>>> print(open('my_file-v6.pdb').read())   # PDB, C-alpha atoms and all ligand atoms
ATOM      1  CA  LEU A 849      -0.652  -3.848  22.829
ATOM      2  CA  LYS A 850       0.605  -0.422  23.923
ATOM      3  CA  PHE A 851      -0.661   2.673  22.113
ATOM      4  CA  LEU A 852       2.120   4.799  20.621
ATOM      5  CA  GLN A 853       0.512   7.316  18.245
ATOM      6  CA  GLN A 854      -2.454   7.783  15.928
ATOM      7  CA  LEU A 855      -1.651   7.398  12.226
ATOM      8  CA  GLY A 856      -4.895   7.941  10.298
ATOM      9  CA  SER A 862      -9.172   5.104  12.840
ATOM     10  CA  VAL A 863      -5.657   3.654  12.608
ATOM     11  CA  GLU A 864      -3.114   3.792  15.434
ATOM     12  CA  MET A 865       0.528   2.828  15.917
ATOM     13  CA  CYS A 866       0.855   0.329  18.774
ATOM     14  CA  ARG A 867       3.500  -1.887  20.399
ATOM     15  CA  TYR A 868       2.588  -5.577  20.770
ATOM     16  CA  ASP A 869       5.138  -6.418  23.472
ATOM     17  CA  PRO A 870       4.160  -9.387  25.649
ATOM     18  CA  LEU A 871       6.763  -8.266  28.206
ATOM     19  CA  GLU A 877       6.647  -5.361  17.927
ATOM     20  CA  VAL A 878       5.460  -2.214  16.113
ATOM     21  CA  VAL A 879       2.101  -2.777  14.386
ATOM     22  CA  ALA A 880      -0.794  -0.751  12.997
ATOM     23  CA  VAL A 881      -4.200  -1.236  14.632
ATOM     24  CA  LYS A 882      -7.463  -0.301  12.899
ATOM     25  CA  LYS A 883     -10.416   0.305  15.237
ATOM     26  CA  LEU A 884     -14.002   1.416  14.642
ATOM     27  CA  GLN A 885     -15.122   4.903  15.674
ATOM     28  CA  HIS A 886     -18.887   4.329  16.014
ATOM     29  CA  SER A 887     -19.194   0.611  16.831
ATOM     30  CA  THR A 888     -22.659   0.075  15.367
ATOM     31  CA  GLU A 889     -24.146  -3.208  14.167
ATOM     32  CA  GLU A 890     -23.965  -2.129  10.514
ATOM     33  CA  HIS A 891     -20.346  -0.987  10.699
ATOM     34  CA  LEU A 892     -19.230  -3.998  12.739
ATOM     35  CA  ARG A 893     -20.565  -6.321  10.034
ATOM     36  CA  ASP A 894     -18.667  -4.320   7.396
ATOM     37  CA  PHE A 895     -15.489  -4.333   9.495
ATOM     38  CA  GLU A 896     -15.745  -8.105   9.992
ATOM     39  CA  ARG A 897     -15.839  -8.597   6.227
ATOM     40  CA  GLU A 898     -12.927  -6.176   5.744
ATOM     41  CA  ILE A 899     -10.809  -8.253   8.147
ATOM     42  CA  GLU A 900     -11.639 -11.499   6.342
ATOM     43  CA  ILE A 901     -10.797  -9.840   3.010
ATOM     44  CA  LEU A 902      -7.390  -8.641   4.213
ATOM     45  CA  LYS A 903      -6.681 -11.984   5.901
ATOM     46  CA  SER A 904      -7.306 -13.729   2.561
ATOM     47  CA  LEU A 905      -4.706 -11.584   0.737
ATOM     48  CA  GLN A 906      -0.994 -12.465   0.653
ATOM     49  CA  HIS A 907       0.977 -10.238  -1.715
ATOM     50  CA  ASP A 908       4.167  -8.180  -1.516
ATOM     51  CA  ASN A 909       2.152  -5.097  -2.527
ATOM     52  CA  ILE A 910      -0.754  -5.490  -0.082
ATOM     53  CA  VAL A 911      -0.396  -4.427   3.554
ATOM     54  CA  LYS A 912       0.129  -7.539   5.663
ATOM     55  CA  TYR A 913      -2.641  -8.842   7.904
ATOM     56  CA  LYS A 914      -1.315  -9.950  11.289
ATOM     57  CA  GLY A 915      -4.336 -10.792  13.457
ATOM     58  CA  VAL A 916      -7.346  -9.512  15.361
ATOM     59  CA  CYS A 917      -7.889  -8.268  18.917
ATOM     60  CA  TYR A 918     -10.994  -9.501  20.789
ATOM     61  CA  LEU A 925     -12.837  -5.681  17.514
ATOM     62  CA  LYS A 926      -9.422  -4.481  16.330
ATOM     63  CA  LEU A 927      -7.553  -5.299  13.112
ATOM     64  CA  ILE A 928      -3.780  -5.791  13.489
ATOM     65  CA  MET A 929      -1.541  -5.101  10.499
ATOM     66  CA  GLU A 930       2.117  -4.495   9.804
ATOM     67  CA  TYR A 931       3.298  -0.924  10.348
ATOM     68  CA  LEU A 932       4.584   0.806   7.210
ATOM     69  CA  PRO A 933       6.858   3.607   8.433
ATOM     70  CA  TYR A 934       6.771   6.004   5.452
ATOM     71  CA  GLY A 935       3.017   6.592   5.622
ATOM     72  CA  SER A 936       0.893   7.278   2.628
ATOM     73  CA  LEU A 937       2.319   7.733  -0.840
ATOM     74  CA  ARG A 938       0.788  11.239  -0.859
ATOM     75  CA  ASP A 939       2.877  12.454   2.062
ATOM     76  CA  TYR A 940       5.903  10.530   0.831
ATOM     77  CA  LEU A 941       5.742  11.759  -2.765
ATOM     78  CA  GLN A 942       5.156  15.320  -1.537
ATOM     79  CA  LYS A 943       8.184  15.222   0.769
ATOM     80  CA  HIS A 944      10.519  13.560  -1.759
ATOM     81  CA  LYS A 945       9.253  15.025  -5.091
ATOM     82  CA  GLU A 946      12.607  16.263  -6.376
ATOM     83  CA  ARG A 947      14.276  12.859  -5.976
ATOM     84  CA  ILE A 948      11.499  10.716  -7.481
ATOM     85  CA  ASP A 949      12.127  10.404 -11.226
ATOM     86  CA  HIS A 950       9.667   8.854 -13.717
ATOM     87  CA  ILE A 951      11.367   5.452 -13.530
ATOM     88  CA  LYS A 952      10.650   5.432  -9.786
ATOM     89  CA  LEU A 953       7.041   6.566 -10.363
ATOM     90  CA  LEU A 954       6.606   3.617 -12.727
ATOM     91  CA  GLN A 955       8.126   1.266 -10.130
ATOM     92  CA  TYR A 956       5.309   2.272  -7.769
ATOM     93  CA  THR A 957       2.792   2.112 -10.640
ATOM     94  CA  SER A 958       3.848  -1.450 -11.459
ATOM     95  CA  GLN A 959       3.560  -2.565  -7.822
ATOM     96  CA  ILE A 960       0.045  -1.070  -7.516
ATOM     97  CA  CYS A 961      -0.965  -2.800 -10.770
ATOM     98  CA  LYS A 962       0.299  -6.179  -9.615
ATOM     99  CA  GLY A 963      -1.515  -5.801  -6.305
ATOM    100  CA  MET A 964      -4.717  -5.060  -8.224
ATOM    101  CA  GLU A 965      -4.095  -7.972 -10.596
ATOM    102  CA  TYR A 966      -3.864 -10.223  -7.546
ATOM    103  CA  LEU A 967      -7.020  -8.706  -6.015
ATOM    104  CA  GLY A 968      -8.797  -9.545  -9.265
ATOM    105  CA  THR A 969      -7.931 -13.234  -8.919
ATOM    106  CA  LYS A 970     -10.020 -13.285  -5.718
ATOM    107  CA  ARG A 971     -12.859 -11.432  -7.505
ATOM    108  CA  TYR A 972     -12.449  -8.533  -5.080
ATOM    109  CA  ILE A 973     -13.320  -4.986  -6.178
ATOM    110  CA  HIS A 974     -11.308  -2.349  -4.332
ATOM    111  CA  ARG A 975     -13.679   0.611  -5.009
ATOM    112  CA  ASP A 976     -11.277   3.192  -3.469
ATOM    113  CA  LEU A 977      -8.063   3.133  -5.529
ATOM    114  CA  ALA A 978      -6.342   6.507  -4.978
ATOM    115  CA  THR A 979      -2.897   7.570  -3.818
ATOM    116  CA  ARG A 980      -4.411   8.290  -0.377
ATOM    117  CA  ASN A 981      -4.883   4.518   0.040
ATOM    118  CA  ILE A 982      -1.342   3.488  -0.951
ATOM    119  CA  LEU A 983       1.239   3.199   1.836
ATOM    120  CA  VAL A 984       5.043   3.279   1.620
ATOM    121  CA  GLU A 985       7.169   0.636   3.311
ATOM    122  CA  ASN A 986      10.492   2.038   2.044
ATOM    123  CA  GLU A 987      11.903   3.812  -1.012
ATOM    124  CA  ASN A 988      11.504   0.621  -3.084
ATOM    125  CA  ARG A 989       8.121  -0.739  -2.008
ATOM    126  CA  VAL A 990       4.559   0.533  -1.770
ATOM    127  CA  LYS A 991       1.480  -1.435  -0.775
ATOM    128  CA  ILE A 992      -2.282  -1.064  -1.160
ATOM    129  CA  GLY A 993      -3.089  -0.026   2.357
ATOM    130  CA  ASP A 994      -6.808   0.213   3.021
ATOM    131  CA  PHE A 995      -9.634  -2.144   2.070
ATOM    132  CA  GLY A 996     -12.513  -0.411   3.817
ATOM    133  CA  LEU A 997     -14.737  -0.170   0.719
ATOM    134  CA  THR A 998     -13.615  -3.421  -0.921
ATOM    135  CA  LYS A 999     -16.394  -5.755  -2.103
ATOM    136  CA  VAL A1000     -16.441  -9.436  -3.006
ATOM    137  CA  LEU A1001     -18.242  -9.895  -6.318
ATOM    138  CA  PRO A1002     -21.471 -11.931  -6.212
ATOM    139  CA  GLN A1003     -21.516 -15.294  -7.904
ATOM    140  CA  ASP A1004     -24.115 -14.194 -10.482
ATOM    141  CA  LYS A1005     -22.527 -10.913 -11.668
ATOM    142  CA  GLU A1006     -19.262  -9.241 -12.690
ATOM    143  CA  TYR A1007     -20.169  -6.069 -10.811
ATOM    144  CA  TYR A1008     -21.373  -4.953  -7.371
ATOM    145  CA  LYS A1009     -24.090  -2.316  -6.895
ATOM    146  CA  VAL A1010     -23.471  -0.044  -3.857
ATOM    147  CA  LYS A1011     -25.585   2.994  -2.962
ATOM    148  CA  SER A1016     -18.124   9.450  -2.290
ATOM    149  CA  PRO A1017     -14.787  10.336  -4.003
ATOM    150  CA  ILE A1018     -16.545  11.089  -7.276
ATOM    151  CA  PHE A1019     -13.482  12.464  -9.052
ATOM    152  CA  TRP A1020     -12.007   8.918  -9.110
ATOM    153  CA  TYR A1021     -15.260   7.201 -10.205
ATOM    154  CA  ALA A1022     -15.898   5.578 -13.572
ATOM    155  CA  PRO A1023     -18.977   6.969 -15.404
ATOM    156  CA  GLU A1024     -21.079   3.887 -14.681
ATOM    157  CA  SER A1025     -20.189   4.132 -10.976
ATOM    158  CA  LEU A1026     -21.487   7.713 -11.020
ATOM    159  CA  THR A1027     -24.648   6.878 -12.972
ATOM    160  CA  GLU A1028     -25.584   3.321 -11.915
ATOM    161  CA  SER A1029     -23.562   2.908  -8.684
ATOM    162  CA  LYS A1030     -21.939  -0.091 -10.413
ATOM    163  CA  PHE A1031     -18.439  -1.171  -9.392
ATOM    164  CA  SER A1032     -16.313  -3.734 -11.217
ATOM    165  CA  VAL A1033     -12.730  -4.603 -12.095
ATOM    166  CA  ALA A1034     -13.262  -2.161 -14.972
ATOM    167  CA  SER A1035     -14.183   0.699 -12.640
ATOM    168  CA  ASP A1036     -11.084  -0.131 -10.585
ATOM    169  CA  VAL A1037      -9.110   0.246 -13.840
ATOM    170  CA  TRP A1038     -10.651   3.691 -14.440
ATOM    171  CA  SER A1039      -9.600   4.736 -10.919
ATOM    172  CA  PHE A1040      -6.104   3.344 -11.513
ATOM    173  CA  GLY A1041      -5.898   5.737 -14.470
ATOM    174  CA  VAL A1042      -6.600   8.562 -12.008
ATOM    175  CA  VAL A1043      -3.910   7.161  -9.663
ATOM    176  CA  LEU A1044      -1.451   7.295 -12.551
ATOM    177  CA  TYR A1045      -2.486  10.908 -13.134
ATOM    178  CA  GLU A1046      -1.947  11.690  -9.434
ATOM    179  CA  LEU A1047       1.564  10.228  -9.566
ATOM    180  CA  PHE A1048       2.647  12.116 -12.669
ATOM    181  CA  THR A1049       1.389  15.406 -11.226
ATOM    182  CA  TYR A1050       3.502  14.584  -8.148
ATOM    183  CA  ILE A1051       0.214  14.945  -6.181
ATOM    184  CA  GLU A1052       0.394  18.737  -6.489
ATOM    185  CA  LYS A1053      -2.877  19.916  -4.971
ATOM    186  CA  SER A1054      -3.584  22.588  -7.593
ATOM    187  CA  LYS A1055      -3.353  19.827 -10.234
ATOM    188  CA  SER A1056      -5.369  17.266  -8.268
ATOM    189  CA  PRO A1057      -8.340  15.558  -9.959
ATOM    190  CA  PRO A1058     -10.860  17.599  -7.896
ATOM    191  CA  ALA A1059      -9.186  20.918  -8.662
ATOM    192  CA  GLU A1060      -8.873  20.137 -12.386
ATOM    193  CA  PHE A1061     -12.422  18.814 -12.751
ATOM    194  CA  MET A1062     -13.919  21.743 -10.833
ATOM    195  CA  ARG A1063     -12.122  24.206 -13.097
ATOM    196  CA  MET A1064     -13.287  22.311 -16.188
ATOM    197  CA  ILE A1065     -16.880  22.129 -14.927
ATOM    198  CA  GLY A1066     -16.768  25.783 -13.957
ATOM    199  CA  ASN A1067     -16.692  27.212 -10.437
ATOM    200  CA  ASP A1068     -20.243  28.502 -10.849
ATOM    201  CA  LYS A1069     -21.911  25.682  -8.902
ATOM    202  CA  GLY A1071     -23.323  19.381  -4.469
ATOM    203  CA  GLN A1072     -25.442  16.991  -6.506
ATOM    204  CA  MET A1073     -25.018  19.434  -9.391
ATOM    205  CA  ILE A1074     -21.268  18.763  -9.411
ATOM    206  CA  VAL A1075     -21.968  15.082 -10.039
ATOM    207  CA  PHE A1076     -24.432  16.025 -12.814
ATOM    208  CA  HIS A1077     -21.858  18.189 -14.565
ATOM    209  CA  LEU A1078     -19.072  15.659 -14.025
ATOM    210  CA  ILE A1079     -21.231  13.012 -15.729
ATOM    211  CA  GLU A1080     -21.984  15.350 -18.629
ATOM    212  CA  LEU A1081     -18.314  16.278 -18.939
ATOM    213  CA  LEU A1082     -17.182  12.642 -19.023
ATOM    214  CA  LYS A1083     -19.927  11.649 -21.473
ATOM    215  CA  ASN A1084     -18.633  14.414 -23.796
ATOM    216  CA  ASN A1085     -15.106  12.929 -23.472
ATOM    217  CA  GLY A1086     -13.744  15.687 -21.271
ATOM    218  CA  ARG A1087     -10.724  14.309 -19.416
ATOM    219  CA  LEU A1088      -7.962  15.249 -17.017
ATOM    220  CA  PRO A1089      -5.123  16.835 -19.065
ATOM    221  CA  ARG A1090      -1.701  15.348 -19.727
ATOM    222  CA  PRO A1091       0.495  16.319 -16.749
ATOM    223  CA  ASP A1092       3.492  18.554 -17.369
ATOM    224  CA  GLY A1093       6.472  16.424 -18.332
ATOM    225  CA  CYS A1094       4.397  13.236 -18.627
ATOM    226  CA  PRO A1095       5.549  11.115 -21.599
ATOM    227  CA  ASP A1096       2.896  10.490 -24.241
ATOM    228  CA  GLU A1097       2.987   6.707 -23.750
ATOM    229  CA  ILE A1098       2.085   7.124 -20.075
ATOM    230  CA  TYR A1099      -0.715   9.597 -20.771
ATOM    231  CA  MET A1100      -1.964   7.123 -23.382
ATOM    232  CA  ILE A1101      -2.344   4.502 -20.647
ATOM    233  CA  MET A1102      -4.405   6.968 -18.596
ATOM    234  CA  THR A1103      -6.757   7.714 -21.477
ATOM    235  CA  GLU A1104      -7.242   3.998 -22.230
ATOM    236  CA  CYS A1105      -8.173   3.443 -18.577
ATOM    237  CA  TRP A1106     -10.651   6.325 -18.965
ATOM    238  CA  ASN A1107     -12.688   4.822 -21.794
ATOM    239  CA  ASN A1108     -16.426   5.412 -21.433
ATOM    240  CA  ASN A1109     -16.986   1.905 -22.817
ATOM    241  CA  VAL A1110     -16.320  -0.558 -19.989
ATOM    242  CA  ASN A1111     -15.359  -3.320 -22.451
ATOM    243  CA  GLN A1112     -12.557  -1.203 -23.935
ATOM    244  CA  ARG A1113     -10.609  -0.663 -20.733
ATOM    245  CA  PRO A1114      -7.386  -2.673 -20.349
ATOM    246  CA  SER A1115      -6.816  -5.425 -17.805
ATOM    247  CA  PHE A1116      -4.505  -4.995 -14.831
ATOM    248  CA  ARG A1117      -2.314  -7.790 -16.197
ATOM    249  CA  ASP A1118      -1.895  -5.930 -19.473
ATOM    250  CA  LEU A1119      -1.318  -2.653 -17.611
ATOM    251  CA  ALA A1120       1.394  -4.268 -15.476
ATOM    252  CA  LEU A1121       3.154  -5.622 -18.581
ATOM    253  CA  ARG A1122       2.961  -2.293 -20.421
ATOM    254  CA  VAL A1123       4.205  -0.281 -17.428
ATOM    255  CA  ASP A1124       7.136  -2.666 -16.967
ATOM    256  CA  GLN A1125       8.020  -2.403 -20.662
ATOM    257  CA  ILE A1126       7.925   1.403 -20.615
ATOM    258  CA  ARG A1127       9.971   1.523 -17.400
ATOM    259  CA  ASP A1128      12.580  -0.806 -18.893
ATOM    260  CA  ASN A1129      12.660   1.188 -22.149
ATOM    261  CA  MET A1130      13.108   4.446 -20.218
ATOM    262  CA  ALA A1131      15.966   2.980 -18.142
ATOM    263  CA  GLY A1132      17.725   1.428 -21.129
ATOM    264  CA  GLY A1133      17.479   4.386 -23.471
ATOM    265  CA  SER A1134      14.772   2.646 -25.539
TER     266      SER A1134
HETATM  267  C1  LIG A1201      -4.770   4.746   4.067
HETATM  268  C2  LIG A1201      -5.929   5.195   4.972
HETATM  269  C3  LIG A1201      -6.051   4.409   6.297
HETATM  270  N1  LIG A1201      -4.701   4.423   6.976
HETATM  271  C4  LIG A1201      -3.841   3.392   7.040
HETATM  272  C5  LIG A1201      -2.702   3.792   7.763
HETATM  273  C6  LIG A1201      -1.456   3.020   8.054
HETATM  274  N2  LIG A1201      -0.354   3.800   8.243
HETATM  275  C7  LIG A1201       0.799   3.188   8.465
HETATM  276  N3  LIG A1201       2.018   3.940   8.691
HETATM  277  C8  LIG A1201       2.179   5.379   8.769
HETATM  278  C9  LIG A1201       1.149   6.323   8.586
HETATM  279  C10 LIG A1201       1.371   7.713   8.662
HETATM  280  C11 LIG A1201       2.627   8.263   8.927
HETATM  281  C12 LIG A1201       2.883   9.767   8.996
HETATM  282  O1  LIG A1201       2.046  10.550   8.545
HETATM  283  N4  LIG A1201       4.110  10.322   9.544
HETATM  284  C13 LIG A1201       4.455  11.755   9.646
HETATM  285  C14 LIG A1201       3.654   7.327   9.104
HETATM  286  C15 LIG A1201       3.440   5.945   9.030
HETATM  287  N5  LIG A1201       0.981   1.841   8.508
HETATM  288  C16 LIG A1201      -0.163   1.109   8.290
HETATM  289  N6  LIG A1201      -0.243  -0.247   8.288
HETATM  290  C17 LIG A1201      -1.545  -0.673   8.049
HETATM  291  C18 LIG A1201      -2.321   0.491   7.893
HETATM  292  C19 LIG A1201      -1.416   1.608   8.057
HETATM  293  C20 LIG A1201      -2.988   5.168   8.073
HETATM  294  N7  LIG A1201      -4.188   5.524   7.603
END
>>> encode(input="my_file-v6.pdb", output="structure tokens")
Amino acid sequence: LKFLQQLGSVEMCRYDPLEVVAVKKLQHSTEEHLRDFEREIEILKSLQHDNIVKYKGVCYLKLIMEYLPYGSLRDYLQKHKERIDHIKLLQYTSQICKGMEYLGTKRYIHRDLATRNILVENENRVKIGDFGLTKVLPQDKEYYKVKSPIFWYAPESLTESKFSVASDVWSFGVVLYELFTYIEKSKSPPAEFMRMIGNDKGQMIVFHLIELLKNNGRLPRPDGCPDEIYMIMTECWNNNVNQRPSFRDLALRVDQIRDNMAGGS
């Protein structure tokens, strides 16, 4: 393994036993973080899906994965904005949904779904690309309690530190918002929420975000975003956990909308 460049810590290396892979290493190799990293490796090893970054092995502790040359979807969408139409955005949306559907069949909770964690293999394929916060659900519950990127958090994650497939669905709604704002920073969830809360404010931000969400304040419909797509976002952002859609139903709806858009309805 020959170091080439740092990517994210994550590095680009050459595994040439006399070949390009991504290598995740730990910054502060403590006992607590090593135990977490060990579980992250097992989680990624257990996942085989076209839209999940491919596990390749371990090094003595280093995590070896396939190298995805277009980097994160944020950098990619920013650089290629003008040539990424809505049908393409929904192609990525569908692939993220199906990755999350598959994650759900293992009873894994991702807990960090955001465009920053999606990587781009090529113009036609994106992959969920980091699993550093992912939890395996306990046998006795449908949620995991963990004591943060608050502007992607479901209300019950903010108030009770509870994470579930349903809170992943909320965060997917925010991902869909990020895509249809073309990840413009002035439109980003943090910028929008801070303007809605009022820039007259740390812990107080979380307080006012909770109050805002409880009063059904929401991120606005992005410019140019079709109503059917904004409707999916708002269904993901239901305060009632039981009312949020499943990833399987989201995948089917996104595919139908994409096909309708391409065919002229
Ligand atoms: C998502 C947060 C953690 N993280 C994961 C990675 C990662 N990156 C990449 N490729 C990559 C990255 C950046 C750039 C770039 O910026 N070029 C100007 C180009 C290619 N392949 C990966 N395979 C497995 C993980 C991983 C980086 N950070």
>>> closest_residue(input="my_file-v6.pdb", among="A:917, A:881, A:1047, A:953", to="residue A:1123", atoms="all atoms listed in the file")
A:953
>>> residues_near_point(input="my_file-v6.pdb", point="(-16.6, -10.6, -1.1)", cutoff="10 Å", atoms="only C-alpha atoms", output="tab-separated table (two decimals) with C-alpha atoms, keeping the file's coordinate frame")
chain	number	residue	atom	x	y	z
A	897	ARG	CA	-15.84	-8.60	6.23
A	898	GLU	CA	-12.93	-6.18	5.74
A	900	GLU	CA	-11.64	-11.50	6.34
A	901	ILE	CA	-10.80	-9.84	3.01
A	970	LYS	CA	-10.02	-13.28	-5.72
A	971	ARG	CA	-12.86	-11.43	-7.50
A	972	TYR	CA	-12.45	-8.53	-5.08
A	973	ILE	CA	-13.32	-4.99	-6.18
A	998	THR	CA	-13.62	-3.42	-0.92
A	999	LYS	CA	-16.39	-5.76	-2.10
A	1000	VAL	CA	-16.44	-9.44	-3.01
A	1001	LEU	CA	-18.24	-9.90	-6.32
A	1002	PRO	CA	-21.47	-11.93	-6.21
A	1003	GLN	CA	-21.52	-15.29	-7.90
A	1008	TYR	CA	-21.37	-4.95	-7.37
>>> resolve_selection(input="my_file-v6.pdb", expression="the PyMOL selection byres (((not hetatm)) within 6 of (chain A and resi 1201))", output="ChimeraX atom specification")
/A:855-856,863,880,911,929-935,980-981,993-994
>>> atom_distance(input="my_file-v6.pdb", atom1="atom CA of residue A:986", atom2="atom CA of residue A:913")
18.0 Å
>>> atom_distance(input="my_file-v6.pdb", atom1="atom CA of residue A:1096", atom2="atom CA of residue A:1130")
12.5 Å
>>> residues_around(input="my_file-v6.pdb", residues="residue A:958", least_positions_apart="2", cutoff="9 Å", atoms="only C-alpha atoms", output="ChimeraX atom specification")
/A:953-956,960-963,1119-1121,1123-1124
>>> resolve_selection(input="my_file-v6.pdb", expression="the PyMOL selection byres (((chain A and resi 1087) around 10) and not hetatm)", output="CSV table (one decimal) with C-alpha atoms, in the coordinates of the input")
chain,number,residue,atom,x,y,z
A,1057,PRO,CA,-8.3,15.6,-10.0
A,1060,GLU,CA,-8.9,20.1,-12.4
A,1061,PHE,CA,-12.4,18.8,-12.8
A,1064,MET,CA,-13.3,22.3,-16.2
A,1081,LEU,CA,-18.3,16.3,-18.9
A,1082,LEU,CA,-17.2,12.6,-19.0
A,1083,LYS,CA,-19.9,11.6,-21.5
A,1084,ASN,CA,-18.6,14.4,-23.8
A,1085,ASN,CA,-15.1,12.9,-23.5
A,1086,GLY,CA,-13.7,15.7,-21.3
A,1088,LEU,CA,-8.0,15.2,-17.0
A,1089,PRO,CA,-5.1,16.8,-19.1
A,1090,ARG,CA,-1.7,15.3,-19.7
A,1102,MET,CA,-4.4,7.0,-18.6
A,1103,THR,CA,-6.8,7.7,-21.5
A,1106,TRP,CA,-10.7,6.3,-19.0
A,1107,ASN,CA,-12.7,4.8,-21.8
>>> atom_distance(input="my_file-v6.pdb", atom1="atom CA of residue A:1032", atom2="atom CA of residue A:1007")
4.5 Å
>>> closest_residue(input="my_file-v6.pdb", among="A:1105, A:1040, A:1050, A:1097", to="residue A:946", atoms="only C-alpha atoms")
A:1050
>>> residues_near_point(input="my_file-v6.pdb", point="(-25.0, 12.6, -2.7)", cutoff="10 Å", atoms="all atoms listed in the file", output="PyMOL selection string")
chain A and resi 1011+1016+1018+1071-1075
>>> resolve_selection(input="my_file-v6.pdb", expression="the PyMOL selection byres (((chain A and resi 997) around 8) and not hetatm)", output="VMD selection string")
chain A and resid 974 to 976 995 to 996 998 to 999
>>> closest_residue(input="my_file-v6.pdb", among="A:1036, A:1006, A:908, A:1118", to="residue A:1101", atoms="only C-alpha atoms")
A:1118
>>> axis_aligned_box(input="my_file-v6.pdb", around="stretch 1062-1082 of chain A", padding_each_side="3 Å", output="lines of an AutoDock Vina configuration file")
center_x = -18.8
center_y = 20.6
center_z = -11.7
size_x = 19.3
size_y = 21.9
size_z = 20.6
>>> closest_residue(input="my_file-v6.pdb", among="A:1110, A:905, A:916, A:1059", to="residue A:1024", atoms="all atoms listed in the file")
A:1110
>>> decode(input="my_file-v6.pdb", residues="stretch 1101-1113 of chain A", atoms="N, CA, C and O atoms", output="short mmCIF file (atom, residue, chain, number, x, y, z; two decimals), in the first residue's frame")
data_model
loop_
_atom_site.label_atom_id
_atom_site.label_comp_id
_atom_site.auth_asym_id
_atom_site.auth_seq_id
_atom_site.Cartn_x
_atom_site.Cartn_y
_atom_site.Cartn_z
N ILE A 1101 -42.83 14.89 -1.62
CA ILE A 1101 -42.09 13.80 -1.00
C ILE A 1101 -41.28 14.32 0.18
O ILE A 1101 -41.22 13.69 1.24
N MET A 1102 -40.62 15.47 0.02
CA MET A 1102 -39.85 16.05 1.12
C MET A 1102 -40.74 16.27 2.34
O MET A 1102 -40.39 15.89 3.47
N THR A 1103 -41.90 16.89 2.14
CA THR A 1103 -42.74 17.22 3.29
C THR A 1103 -43.31 15.98 3.96
O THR A 1103 -43.52 15.98 5.18
N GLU A 1104 -43.55 14.90 3.19
CA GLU A 1104 -43.99 13.64 3.81
C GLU A 1104 -42.86 13.01 4.64
O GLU A 1104 -43.11 12.44 5.71
N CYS A 1105 -41.62 13.10 4.15
CA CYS A 1105 -40.49 12.66 4.96
C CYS A 1105 -40.38 13.47 6.24
O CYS A 1105 -39.95 12.95 7.27
N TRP A 1106 -40.77 14.75 6.20
CA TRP A 1106 -40.64 15.64 7.35
C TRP A 1106 -41.91 15.70 8.18
O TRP A 1106 -42.30 16.76 8.68
N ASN A 1107 -42.60 14.58 8.36
CA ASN A 1107 -43.74 14.56 9.25
C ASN A 1107 -43.27 14.47 10.70
O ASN A 1107 -42.35 13.70 11.02
N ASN A 1108 -43.87 15.28 11.57
CA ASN A 1108 -43.51 15.21 12.99
C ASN A 1108 -43.88 13.85 13.58
O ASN A 1108 -43.21 13.37 14.50
N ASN A 1109 -44.94 13.24 13.07
CA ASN A 1109 -45.36 11.92 13.55
C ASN A 1109 -44.51 10.87 12.86
O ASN A 1109 -44.58 10.70 11.64
N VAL A 1110 -43.74 10.12 13.65
CA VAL A 1110 -42.84 9.11 13.10
C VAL A 1110 -43.61 8.09 12.26
O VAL A 1110 -43.16 7.69 11.18
N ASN A 1111 -44.78 7.68 12.73
CA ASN A 1111 -45.58 6.65 12.06
C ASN A 1111 -46.10 7.09 10.70
O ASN A 1111 -46.54 6.24 9.92
N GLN A 1112 -46.09 8.39 10.40
CA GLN A 1112 -46.62 8.85 9.13
C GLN A 1112 -45.56 8.96 8.05
O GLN A 1112 -45.89 9.23 6.90
N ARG A 1113 -44.29 8.77 8.40
CA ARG A 1113 -43.28 8.93 7.36
C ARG A 1113 -43.26 7.71 6.44
O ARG A 1113 -43.53 6.59 6.88
#
